[PDB]
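> Need coordinates for the following:
(chains A, B, C, D, E, F and G)
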Amino acid sequence: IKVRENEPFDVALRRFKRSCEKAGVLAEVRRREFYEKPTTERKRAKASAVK
Amino acid sequence: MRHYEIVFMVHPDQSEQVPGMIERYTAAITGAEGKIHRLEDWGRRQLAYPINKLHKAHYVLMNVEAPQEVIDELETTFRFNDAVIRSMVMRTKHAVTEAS
Amino acid sequence: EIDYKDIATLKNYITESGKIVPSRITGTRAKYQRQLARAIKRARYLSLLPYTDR
Amino acid sequence: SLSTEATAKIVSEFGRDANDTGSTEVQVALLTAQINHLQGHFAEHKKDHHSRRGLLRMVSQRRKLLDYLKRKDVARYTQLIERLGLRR
Amino acid sequence: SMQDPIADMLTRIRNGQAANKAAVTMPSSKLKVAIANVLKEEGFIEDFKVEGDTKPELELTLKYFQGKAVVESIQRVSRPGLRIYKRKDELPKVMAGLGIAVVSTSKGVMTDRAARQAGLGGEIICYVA
RNA sequence: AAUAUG
RNA sequence: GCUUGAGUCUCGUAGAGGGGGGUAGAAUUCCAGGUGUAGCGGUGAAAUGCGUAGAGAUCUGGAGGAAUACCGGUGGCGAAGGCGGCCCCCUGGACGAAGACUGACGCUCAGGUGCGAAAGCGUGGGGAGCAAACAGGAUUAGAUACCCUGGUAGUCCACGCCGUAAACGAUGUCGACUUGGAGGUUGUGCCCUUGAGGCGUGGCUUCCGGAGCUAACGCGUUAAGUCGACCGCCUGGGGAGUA
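Residues are numbered from 1 along each chain as shown, chains lettered A, B, ... in the order given. The structure is reproduced below:
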């Protein structure tokens, strides 16, 4: 959720939230339409991941 | 017969009426047929998230064999009772003690 | 085994937001993960552990 | 599925001696009592088409078994269909 | 269902020869053994042997050539679903007479080579090449 | 961005 | 007559199997009210629009209908269509385990019958988003399109009707046989069990591949291999799945 850094936190350098997922999860529903969409998505990514 | 794992959550504020409620509930079930293998009345417990901004409400678990009638009349007592919030009844369990 | 009243344990499988840790990560096997996720929704329902805070 | 108390009752009842499950007379009665019990389930609802497949699965099979007992002996067949009460 | 076990047995032969296994097992029956006797008579198989009562298992040892299968091919000529008869005045043959057919005559299961001298027609079963 | 016909 | 096929009983397993009913979080918008003030919104680039009649913004509550993030997987289940919140009731089937019984009761099936996404239609409800139609503003040589702002039928529900899809693995169904690896998924026996272990055995399923086959591409123990049983369908293209 939020930063909650220790006592010498400097000029607000977000150590926790930079590690966090950030705008990825924000984008994830965002992208226009979804209902027909992920039918062609399946397996083609996973098929790439071989030696 | 079917073993039921019942749990309900009752108002924090009404806790002096709580033992009166536990007696009248378990009486109405066990009078018919029902038989207690777990009955627990947890006391106050701060919520993980606050249900409609309510707080600290009591949890009350049971594991009872029962006929299909008295769990219906209990569930409709839960839909009736305006001092009780969330309620569940679940599968067999087959008799338990603590782990709370 | 897979009781939702295992709330001491189920904390290990949630991040700060209360989102679930997936089956790749946790050292589980596919059956126990389904029962785990089912138990987490039950724990989430009673406010023993949270759906998410926010 | 039908009741365990019903299955253990019907094997002694329509069967011969002990353990007579495989013989047709118990089978016809077991499928029929299943069909009669399912008759209430399809009395309400009427949208459950796949459950109706599980009904219809018993119906033809019991019917085919009845044709077997017919080709073997008509007397046991005619006596059986009368006691349970079926077949136009 | 296993509609013809006889064409199955010959198919288990042709599969067995292709996979190059000497012993091929199958459920026994009377004509199957009599066909296996015609195979051993003609000399394209080594020997059959049988075990059972409730469930018979015929075990047929198939030959091999020095660098080859013993069996070139083997086919069901009169199919289960269509029964075909050939009379004494014209009986079929395999590979210009070098191979044999299997024929069920009134006097039993013979080859074509013996059956033409024997002088009666009947049901052809299969072409053993 | 955006760009038609032989 | 018999039992290996098939059917069936006893004990279990797994599971978005199906219907029916109740119930939840979470999210958007509207509605009502509080604080706050000239922009807001929208675009590759802008304008139409919204806003000093106090918006957008922020905060508190309420109302209403929808859909189930996350986990969810090159996972599961279901005849096929298809099915992802929670709980119950009714209720389908496959598979294993040992053991038992019946004794060919089987396989396929034209005609016939049932089910069968999306769109659409009948009657009465409901309608938050979105979105044909349709409107307007842009773009353009033209733009009745793409693009942008609104926005009705419809999308939702009950009960009926329509019976059609690239309803596709573009593989008819059933059964036997024929070298495999590395997996996934799921039951169960054997063992020194010291282990999120070891030695096995069944069903389903993914990727890669041997012989072989194939016109090639590729398929390949789940065959498009090697065979049997039965049913469907094909005979140049266009004219036409039309008269």
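> Name the residue closest to the centre of chain E, please.
Centroid check for chain E by Cα atoms, centre = their mean gives residue E:35 as the closest residue, at 4.9 Å.
> OK, contacts around the residue positioned nearest the centre of chain D?
For chain D, the residue nearest the mean C-alpha position is residue D:31 (2.3 Å; Cα atoms, centre = their mean). Residues in contact with residue D:31 (Cβ atoms under 8 Å, 6 or more residues apart in numbering or on different chains) are D:58, D:61-62, D:65. Quick note: C-beta positions are derived from backbone N, CA and C, even for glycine.
> coming back round to it: ok, the residue nearest to the centre of chain E touching residue E:102?
Yes: the criterion here is Cβ atoms under 8 Å, and residue E:35 meets it with residue E:102 at 6.2 Å.
> got any residues that touch both of the two?
Shared contacts of residue E:35 and residue E:102, defined by Cβ under 8 Å, 6+ apart, are found at E:109, E:125-126.
> List the contacts of stretch E:38-53.
Residues outside stretch E:38-53 that contact it (Cβ under 8 Å, 6+ apart): E:22, E:28, E:33, E:36-37, E:56-63, E:70-71, E:100, E:102, E:109-111, E:128.
> same thing but at 7 Å, please
Contact with stretch E:38-53 is made by E:28, E:33, E:36, E:56-63, E:70-71, E:100, E:102, E:109, E:111, E:128, as judged by Cβ atoms under 7 Å, 6 or more residues apart in numbering or on different chains.
> burial of the residue of chain E found nearest chain B, as a residue count?
For chain E, the residue closest to chain B is residue E:1, as judged by Cβ to the nearest Cβ, at 42.7 Å. Residue E:1: 3 surrounding residues under other Cβ atoms under 10 Å in any protein chain shown.
> could you measure it against residue D:62, distance?
For residue E:1, the distance to residue D:62 equals 21 Å [Cβ to Cβ, to the nearest Å].
> do residue A:51 as well
For residue A:51, the distance to residue D:62 equals 57 Å [Cβ to Cβ].
> Among those two, which residue is more densely surrounded?
The neighbour comparison of residue A:51 against residue D:62 (other Cβ under 10 Å) goes to residue D:62, with 19 against 2.
> quick one, phi psi at the more buried one?
Reported as degrees, to the nearest 10, the phi and psi values for residue D:62 are phi -60, psi -40.
> right, and it touches residue D:28 too?
Yes: applying Cβ atoms under 7 Å as the test, residue D:62 and residue D:28 come out as touching, 5.9 Å apart.
> which residues touch residue E:8?
With contact set as Cβ under 7 Å, 6+ apart, residue E:8 has these partners: residue E:2.
> mind putting the contacts of residue D:31 in TSV, secondary structure included?
TSV is the format used below for the contacts of residue D:31 (DSSP: H, G, I helix; E, B strand; the rest coil):
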residue	secondary structure
D:58	helix
D:61	helix
D:62	helix
D:65	helix
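> Could you tell me which ones among the residues you listed also sit near RNA strand G?
D:58, D:61, D:65 (Cβ under 7 Å from any atom of the strand).
> Against chain B, how distant is the second one?
Distance check for residue D:61 against chain B: by Cβ to the nearest Cβ, to the nearest Å, it reads 31 Å.
> ok, now the first one?
As for residue D:58, its distance to chain B is 26 Å (criterion: Cβ to the nearest Cβ).
> Now that residue: closest residue in space that isn't a chain neighbour?
residue D:31 (5.0 Å; Cβ to Cβ, 6 or more residues apart in numbering or on different chains).
> and what of the second one?
In space, not counting the residues next to it along the chain, residue D:61 is nearest to residue D:31; the distance is 6.9 Å by Cβ to Cβ, 6+ apart.
> Find the closest residue to chain A in chain B.
Residue nearest to chain A within chain B: residue B:49 (13.2 Å; Cβ to the nearest Cβ).
> what's near enough to touch that residue?
Counting by Cβ under 7 Å, 6+ apart, residue B:49 touches C:47, C:50-51, C:53.
> from those residues, which is closest to residue E:7?
For those, the residue nearest residue E:7 by Cβ to Cβ is residue C:51; the value is 64.5 Å.
> just to revisit the earlier point, now, the contacts of stretch E:38-53 that are in helices?
E:33, E:36 (DSSP state H).
> which SS class is residue B:59?
Quick answer, by three-state DSSP: residue B:59 is strand.
> Give the closest residue to it in space, chain neighbours not counted.
Nearest residue to residue B:59, sequence neighbours excluded (Cβ to Cβ, 6+ apart): residue B:42, at 4.0 Å.
> Number of residues surrounding that neighbour?
Neighbours of residue B:42 using other Cβ under 10 Å come to 14.
> Does it touch residue B:100 like I think?
Yes: using Cβ under 7 Å, residue B:42 makes contact with residue B:100 at a distance of 6.3 Å.
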